[PDB]
$ cat protein39.cif   # mmCIF, C-alpha atoms; chains and numbers go by the auth columns
data_start
#
loop_
_atom_site.group_PDB
_atom_site.id
_atom_site.type_symbol
_atom_site.label_atom_id
_atom_site.label_comp_id
_atom_site.label_asym_id
_atom_site.label_seq_id
_atom_site.Cartn_x
_atom_site.Cartn_y
_atom_site.Cartn_z
_atom_site.B_iso_or_equiv
_atom_site.auth_seq_id
_atom_site.auth_asym_id
ATOM 1 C CA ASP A 1 8.792 -4.914 18.904 0.00 1 A
ATOM 2 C CA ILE A 2 5.468 -3.099 19.255 0.00 2 A
ATOM 3 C CA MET A 3 3.927 -1.103 16.421 0.00 3 A
ATOM 4 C CA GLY A 4 0.474 0.303 15.875 0.00 4 A
ATOM 5 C CA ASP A 5 -1.406 0.772 12.631 0.00 5 A
ATOM 6 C CA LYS A 6 -2.794 3.803 10.841 0.00 6 A
ATOM 7 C CA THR A 7 -6.004 3.999 8.819 0.00 7 A
ATOM 8 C CA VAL A 8 -5.471 5.167 5.252 0.00 8 A
ATOM 9 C CA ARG A 9 -7.585 5.131 2.102 0.00 9 A
ATOM 10 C CA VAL A 10 -6.834 3.405 -1.183 0.00 10 A
ATOM 11 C CA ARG A 11 -8.630 3.183 -4.521 0.00 11 A
ATOM 12 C CA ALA A 12 -11.645 0.882 -4.269 0.00 12 A
ATOM 13 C CA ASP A 13 -10.730 -1.113 -7.363 0.00 13 A
ATOM 14 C CA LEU A 14 -7.269 -1.871 -5.989 0.00 14 A
ATOM 15 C CA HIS A 15 -8.755 -2.774 -2.612 0.00 15 A
ATOM 16 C CA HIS A 16 -11.346 -5.044 -4.203 0.00 16 A
ATOM 17 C CA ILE A 17 -8.638 -7.007 -6.012 0.00 17 A
ATOM 18 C CA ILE A 18 -6.688 -7.774 -2.840 0.00 18 A
ATOM 19 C CA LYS A 19 -9.864 -8.449 -0.842 0.00 19 A
ATOM 20 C CA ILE A 20 -10.906 -11.090 -3.379 0.00 20 A
ATOM 21 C CA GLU A 21 -7.500 -12.800 -3.328 0.00 21 A
ATOM 22 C CA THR A 22 -7.154 -12.921 0.456 0.00 22 A
ATOM 23 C CA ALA A 23 -10.724 -14.210 0.705 0.00 23 A
ATOM 24 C CA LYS A 24 -9.892 -17.292 -1.358 0.00 24 A
ATOM 25 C CA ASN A 25 -7.723 -19.130 1.165 0.00 25 A
ATOM 26 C CA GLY A 26 -4.801 -17.524 2.965 0.00 26 A
ATOM 27 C CA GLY A 27 -4.190 -13.801 3.150 0.00 27 A
ATOM 28 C CA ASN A 28 -4.994 -10.510 4.850 0.00 28 A
ATOM 29 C CA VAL A 29 -5.514 -7.115 3.201 0.00 29 A
ATOM 30 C CA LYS A 30 -3.490 -5.360 5.897 0.00 30 A
ATOM 31 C CA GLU A 31 -0.523 -7.696 5.348 0.00 31 A
ATOM 32 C CA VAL A 32 -0.661 -7.151 1.595 0.00 32 A
ATOM 33 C CA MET A 33 -0.785 -3.378 1.992 0.00 33 A
ATOM 34 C CA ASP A 34 2.189 -3.429 4.368 0.00 34 A
ATOM 35 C CA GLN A 35 4.158 -5.552 1.913 0.00 35 A
ATOM 36 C CA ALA A 36 3.157 -3.258 -0.951 0.00 36 A
ATOM 37 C CA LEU A 37 4.424 -0.266 0.990 0.00 37 A
ATOM 38 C CA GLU A 38 7.666 -2.008 1.950 0.00 38 A
ATOM 39 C CA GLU A 39 8.356 -2.772 -1.706 0.00 39 A
ATOM 40 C CA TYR A 40 7.483 0.777 -2.728 0.00 40 A
ATOM 41 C CA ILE A 41 9.866 2.173 -0.114 0.00 41 A
ATOM 42 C CA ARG A 42 12.635 -0.237 -1.112 0.00 42 A
ATOM 43 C CA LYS A 43 12.152 0.816 -4.748 0.00 43 A
ATOM 44 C CA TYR A 44 11.678 4.591 -4.554 0.00 44 A
ATOM 45 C CA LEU A 45 13.069 5.458 -1.133 0.00 45 A
ATOM 46 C CA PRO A 46 16.030 3.032 -0.780 0.00 46 A
ATOM 47 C CA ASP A 47 17.839 5.693 1.251 0.00 47 A
ATOM 48 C CA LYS A 48 15.856 4.328 4.204 0.00 48 A
ATOM 49 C CA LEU A 49 18.102 1.392 5.098 0.00 49 A
ATOM 50 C CA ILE B 1 -15.739 8.640 -10.013 0.00 1 B
ATOM 51 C CA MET B 2 -13.590 5.959 -8.364 0.00 2 B
ATOM 52 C CA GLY B 3 -14.322 5.579 -4.668 0.00 3 B
ATOM 53 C CA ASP B 4 -11.965 4.559 -1.879 0.00 4 B
ATOM 54 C CA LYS B 5 -11.795 1.928 0.839 0.00 5 B
ATOM 55 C CA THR B 6 -10.022 2.048 4.171 0.00 6 B
ATOM 56 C CA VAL B 7 -7.072 -0.148 5.094 0.00 7 B
ATOM 57 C CA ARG B 8 -4.827 -0.472 8.136 0.00 8 B
ATOM 58 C CA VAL B 9 -1.107 -0.018 7.532 0.00 9 B
ATOM 59 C CA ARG B 10 1.917 -0.206 9.817 0.00 10 B
ATOM 60 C CA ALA B 11 2.481 3.119 11.518 0.00 11 B
ATOM 61 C CA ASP B 12 6.218 3.171 10.870 0.00 12 B
ATOM 62 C CA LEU B 13 5.808 2.624 7.125 0.00 13 B
ATOM 63 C CA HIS B 14 3.148 5.327 7.063 0.00 14 B
ATOM 64 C CA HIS B 15 5.430 7.713 8.935 0.00 15 B
ATOM 65 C CA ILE B 16 8.219 7.114 6.428 0.00 16 B
ATOM 66 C CA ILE B 17 5.886 7.904 3.536 0.00 17 B
ATOM 67 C CA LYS B 18 4.425 10.914 5.334 0.00 18 B
ATOM 68 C CA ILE B 19 7.856 12.443 5.963 0.00 19 B
ATOM 69 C CA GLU B 20 9.023 11.851 2.391 0.00 20 B
ATOM 70 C CA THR B 21 5.813 13.175 0.832 0.00 21 B
ATOM 71 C CA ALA B 22 5.824 16.265 3.050 0.00 22 B
ATOM 72 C CA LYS B 23 9.157 17.227 1.487 0.00 23 B
ATOM 73 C CA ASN B 24 8.020 17.321 -2.141 0.00 24 B
ATOM 74 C CA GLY B 25 4.486 18.371 -1.214 0.00 25 B
ATOM 75 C CA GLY B 26 2.187 15.616 -2.462 0.00 26 B
ATOM 76 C CA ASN B 27 -0.293 13.525 -0.483 0.00 27 B
ATOM 77 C CA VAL B 28 0.062 10.130 1.182 0.00 28 B
ATOM 78 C CA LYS B 29 -2.937 8.621 -0.629 0.00 29 B
ATOM 79 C CA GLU B 30 -1.298 8.904 -4.052 0.00 30 B
ATOM 80 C CA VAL B 31 1.630 6.953 -2.636 0.00 31 B
ATOM 81 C CA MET B 32 -0.577 4.292 -1.043 0.00 32 B
ATOM 82 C CA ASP B 33 -2.364 3.868 -4.366 0.00 33 B
ATOM 83 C CA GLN B 34 0.856 3.668 -6.361 0.00 34 B
ATOM 84 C CA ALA B 35 2.368 1.192 -3.929 0.00 35 B
ATOM 85 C CA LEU B 36 -0.690 -1.033 -4.044 0.00 36 B
ATOM 86 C CA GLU B 37 -1.169 -0.811 -7.808 0.00 37 B
ATOM 87 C CA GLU B 38 2.478 -1.713 -8.404 0.00 38 B
ATOM 88 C CA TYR B 39 2.151 -4.708 -6.086 0.00 39 B
ATOM 89 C CA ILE B 40 -0.917 -5.853 -8.011 0.00 40 B
ATOM 90 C CA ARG B 41 0.579 -5.445 -11.468 0.00 41 B
ATOM 91 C CA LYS B 42 3.617 -7.385 -10.244 0.00 42 B
ATOM 92 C CA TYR B 43 2.022 -10.304 -8.368 0.00 43 B
ATOM 93 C CA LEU B 44 -1.523 -10.197 -9.738 0.00 44 B
ATOM 94 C CA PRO B 45 -1.113 -9.302 -13.413 0.00 45 B
ATOM 95 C CA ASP B 46 -4.342 -9.116 -15.453 0.00 46 B
ATOM 96 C CA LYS B 47 -6.503 -8.181 -12.465 0.00 47 B
ATOM 97 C CA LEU B 48 -6.392 -4.548 -13.598 0.00 48 B
#
$ encode --input "protein39.cif" --output "structure tokens"
Amino acid sequence: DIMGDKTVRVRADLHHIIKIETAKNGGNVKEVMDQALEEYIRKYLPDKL
Amino acid sequence: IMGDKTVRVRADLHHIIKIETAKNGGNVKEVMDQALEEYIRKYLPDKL
């Protein structure tokens, strides 16, 4: 069940957009990025699962 | 001209992208950016 994280870089303008949204009420940049990756993988690399 | 910011992502998802990108030859950052931009245009239209 354990899993660590990795530091990566992303365009500042994209980061700013998520930062602003998660700052409103509920949300976390890390969670958004993970979800964004999961959707990318499901879309372009479906041969995963 | 556009700078970058750091973010923490799940290690398993990163590994999957790293393996896949290594095949073709590109870099992980381009994938992170595409993944995030697509998420934004989908759930946060008009922000870009």
$ closest_atom_pairs --input "protein39.cif" --of "chain B" --to "chain A" --cutoff "6 Å" --atoms "only C-alpha atoms" --output "CSV"
residue,atom,partner,partner_atom,distance
B:3,CA,A:12,CA,5.4
B:4,CA,A:12,CA,4.4
B:5,CA,A:12,CA,5.2
B:6,CA,A:9,CA,4.4
B:7,CA,A:8,CA,5.6
B:8,CA,A:7,CA,4.7
B:9,CA,A:5,CA,5.2
B:10,CA,A:5,CA,4.5
B:11,CA,A:5,CA,4.7
B:33,CA,A:10,CA,5.5
B:35,CA,A:40,CA,5.3
B:36,CA,A:36,CA,5.4
B:39,CA,A:36,CA,5.4
$ atom_distance --input "protein39.cif" --atom1 "CA of residue 25 in chain A" --atom2 "CA of residue 2 in chain B"
27.5 Å
$ residues_around --input "protein39.cif" --residues "residue 19 in chain B" --least-positions-apart "5" --cutoff "12 Å" --atoms "all atoms listed in the file" --output "list in words"
residues 45 and 48 of chain A; 12, 13, 14, 24, 25, 26, 27, 28 and 31 of chain B
$ write_last_selection --input "protein39.cif" --atoms "C-alpha atoms" --output "PDB file, keeping the file's coordinate frame"
ATOM      1  CA  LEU A  45      13.069   5.458  -1.133  1.00  0.00           C
ATOM      2  CA  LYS A  48      15.856   4.328   4.204  1.00  0.00           C
TER       3      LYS A  48
ATOM      4  CA  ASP B  12       6.218   3.171  10.870  1.00  0.00           C
ATOM      5  CA  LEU B  13       5.808   2.624   7.125  1.00  0.00           C
ATOM      6  CA  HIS B  14       3.148   5.327   7.063  1.00  0.00           C
ATOM      7  CA  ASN B  24       8.020  17.321  -2.141  1.00  0.00           C
ATOM      8  CA  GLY B  25       4.486  18.371  -1.214  1.00  0.00           C
ATOM      9  CA  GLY B  26       2.187  15.616  -2.462  1.00  0.00           C
ATOM     10  CA  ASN B  27      -0.293  13.525  -0.483  1.00  0.00           C
ATOM     11  CA  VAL B  28       0.062  10.130   1.182  1.00  0.00           C
ATOM     12  CA  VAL B  31       1.630   6.953  -2.636  1.00  0.00           C
TER      13      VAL B  31
END
$ build_atoms --input "protein39.cif" --residues "range 4-30 of chain A" --atoms "N, CA, C and O atoms" --output "mmCIF file, keeping the file's coordinate frame"
data_model
loop_
_atom_site.group_PDB
_atom_site.id
_atom_site.type_symbol
_atom_site.label_atom_id
_atom_site.label_comp_id
_atom_site.auth_asym_id
_atom_site.auth_seq_id
_atom_site.Cartn_x
_atom_site.Cartn_y
_atom_site.Cartn_z
ATOM 1 N N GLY A 4 1.896 0.160 16.095
ATOM 2 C CA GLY A 4 0.474 0.303 15.875
ATOM 3 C C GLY A 4 0.219 0.465 14.393
ATOM 4 O O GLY A 4 1.152 0.468 13.594
ATOM 5 N N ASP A 5 -1.048 0.586 14.025
ATOM 6 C CA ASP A 5 -1.406 0.772 12.631
ATOM 7 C C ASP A 5 -2.085 2.113 12.451
ATOM 8 O O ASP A 5 -2.508 2.750 13.417
ATOM 9 N N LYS A 6 -2.174 2.539 11.198
ATOM 10 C CA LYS A 6 -2.794 3.803 10.841
ATOM 11 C C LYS A 6 -3.830 3.522 9.756
ATOM 12 O O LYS A 6 -3.595 2.702 8.874
ATOM 13 N N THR A 7 -4.977 4.185 9.832
ATOM 14 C CA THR A 7 -6.004 3.999 8.819
ATOM 15 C C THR A 7 -5.711 4.932 7.656
ATOM 16 O O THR A 7 -5.481 6.123 7.848
ATOM 17 N N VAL A 8 -5.687 4.374 6.452
ATOM 18 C CA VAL A 8 -5.471 5.167 5.252
ATOM 19 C C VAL A 8 -6.508 4.711 4.233
ATOM 20 O O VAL A 8 -7.195 3.706 4.437
ATOM 21 N N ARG A 9 -6.643 5.467 3.153
ATOM 22 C CA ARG A 9 -7.585 5.131 2.102
ATOM 23 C C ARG A 9 -6.826 4.751 0.843
ATOM 24 O O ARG A 9 -5.728 5.260 0.578
ATOM 25 N N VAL A 10 -7.410 3.834 0.083
ATOM 26 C CA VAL A 10 -6.834 3.405 -1.183
ATOM 27 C C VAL A 10 -7.964 3.215 -2.179
ATOM 28 O O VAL A 10 -9.110 2.960 -1.797
ATOM 29 N N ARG A 11 -7.641 3.353 -3.458
ATOM 30 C CA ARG A 11 -8.630 3.183 -4.521
ATOM 31 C C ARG A 11 -9.447 1.913 -4.306
ATOM 32 O O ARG A 11 -8.896 0.851 -4.021
ATOM 33 N N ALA A 12 -10.763 2.022 -4.463
ATOM 34 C CA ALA A 12 -11.645 0.882 -4.269
ATOM 35 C C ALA A 12 -11.363 -0.289 -5.198
ATOM 36 O O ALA A 12 -11.481 -1.442 -4.787
ATOM 37 N N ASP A 13 -10.991 -0.016 -6.446
ATOM 38 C CA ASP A 13 -10.730 -1.113 -7.363
ATOM 39 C C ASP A 13 -9.487 -1.891 -6.957
ATOM 40 O O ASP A 13 -9.451 -3.111 -7.091
ATOM 41 N N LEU A 14 -8.485 -1.195 -6.436
ATOM 42 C CA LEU A 14 -7.269 -1.871 -5.989
ATOM 43 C C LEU A 14 -7.601 -2.690 -4.742
ATOM 44 O O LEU A 14 -7.168 -3.832 -4.592
ATOM 45 N N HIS A 15 -8.370 -2.091 -3.837
ATOM 46 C CA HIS A 15 -8.755 -2.774 -2.612
ATOM 47 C C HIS A 15 -9.561 -4.035 -2.912
ATOM 48 O O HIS A 15 -9.325 -5.094 -2.332
ATOM 49 N N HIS A 16 -10.509 -3.916 -3.833
ATOM 50 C CA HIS A 16 -11.346 -5.044 -4.203
ATOM 51 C C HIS A 16 -10.507 -6.226 -4.680
ATOM 52 O O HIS A 16 -10.763 -7.371 -4.307
ATOM 53 N N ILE A 17 -9.497 -5.949 -5.496
ATOM 54 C CA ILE A 17 -8.638 -7.007 -6.012
ATOM 55 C C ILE A 17 -7.937 -7.796 -4.912
ATOM 56 O O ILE A 17 -7.903 -9.026 -4.948
ATOM 57 N N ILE A 18 -7.382 -7.094 -3.929
ATOM 58 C CA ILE A 18 -6.688 -7.774 -2.840
ATOM 59 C C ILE A 18 -7.677 -8.511 -1.945
ATOM 60 O O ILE A 18 -7.413 -9.631 -1.511
ATOM 61 N N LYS A 19 -8.812 -7.871 -1.673
ATOM 62 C CA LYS A 19 -9.864 -8.449 -0.842
ATOM 63 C C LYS A 19 -10.283 -9.807 -1.402
ATOM 64 O O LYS A 19 -10.400 -10.791 -0.664
ATOM 65 N N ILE A 20 -10.501 -9.857 -2.712
ATOM 66 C CA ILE A 20 -10.906 -11.090 -3.379
ATOM 67 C C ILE A 20 -9.849 -12.183 -3.242
ATOM 68 O O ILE A 20 -10.175 -13.338 -2.974
ATOM 69 N N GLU A 21 -8.583 -11.822 -3.422
ATOM 70 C CA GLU A 21 -7.500 -12.800 -3.328
ATOM 71 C C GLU A 21 -7.315 -13.373 -1.929
ATOM 72 O O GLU A 21 -7.154 -14.585 -1.761
ATOM 73 N N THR A 22 -7.332 -12.499 -0.930
ATOM 74 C CA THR A 22 -7.154 -12.921 0.456
ATOM 75 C C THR A 22 -8.374 -13.665 0.992
ATOM 76 O O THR A 22 -8.296 -14.341 2.020
ATOM 77 N N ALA A 23 -9.497 -13.543 0.292
ATOM 78 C CA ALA A 23 -10.724 -14.210 0.705
ATOM 79 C C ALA A 23 -10.724 -15.662 0.244
ATOM 80 O O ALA A 23 -11.385 -16.512 0.839
ATOM 81 N N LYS A 24 -9.975 -15.942 -0.819
ATOM 82 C CA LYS A 24 -9.892 -17.292 -1.358
ATOM 83 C C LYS A 24 -9.493 -18.287 -0.277
ATOM 84 O O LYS A 24 -10.313 -19.084 0.177
ATOM 85 N N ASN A 25 -8.232 -18.233 0.136
ATOM 86 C CA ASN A 25 -7.723 -19.130 1.165
ATOM 87 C C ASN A 25 -6.944 -18.358 2.225
ATOM 88 O O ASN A 25 -7.514 -17.880 3.207
ATOM 89 N N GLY A 26 -5.636 -18.239 2.018
ATOM 90 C CA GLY A 26 -4.801 -17.524 2.965
ATOM 91 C C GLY A 26 -4.523 -16.102 2.520
ATOM 92 O O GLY A 26 -4.376 -15.833 1.326
ATOM 93 N N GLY A 27 -4.455 -15.188 3.481
ATOM 94 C CA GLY A 27 -4.190 -13.801 3.150
ATOM 95 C C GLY A 27 -4.940 -12.805 4.012
ATOM 96 O O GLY A 27 -5.971 -13.117 4.605
ATOM 97 N N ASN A 28 -4.406 -11.592 4.073
ATOM 98 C CA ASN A 28 -4.994 -10.510 4.850
ATOM 99 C C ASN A 28 -4.688 -9.207 4.124
ATOM 100 O O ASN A 28 -3.547 -8.961 3.756
ATOM 101 N N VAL A 29 -5.707 -8.377 3.908
ATOM 102 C CA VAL A 29 -5.514 -7.115 3.201
ATOM 103 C C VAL A 29 -4.428 -6.248 3.827
ATOM 104 O O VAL A 29 -3.586 -5.689 3.126
ATOM 105 N N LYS A 30 -4.452 -6.153 5.149
ATOM 106 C CA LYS A 30 -3.490 -5.360 5.897
ATOM 107 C C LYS A 30 -2.058 -5.814 5.604
ATOM 108 O O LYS A 30 -1.173 -4.991 5.366
#
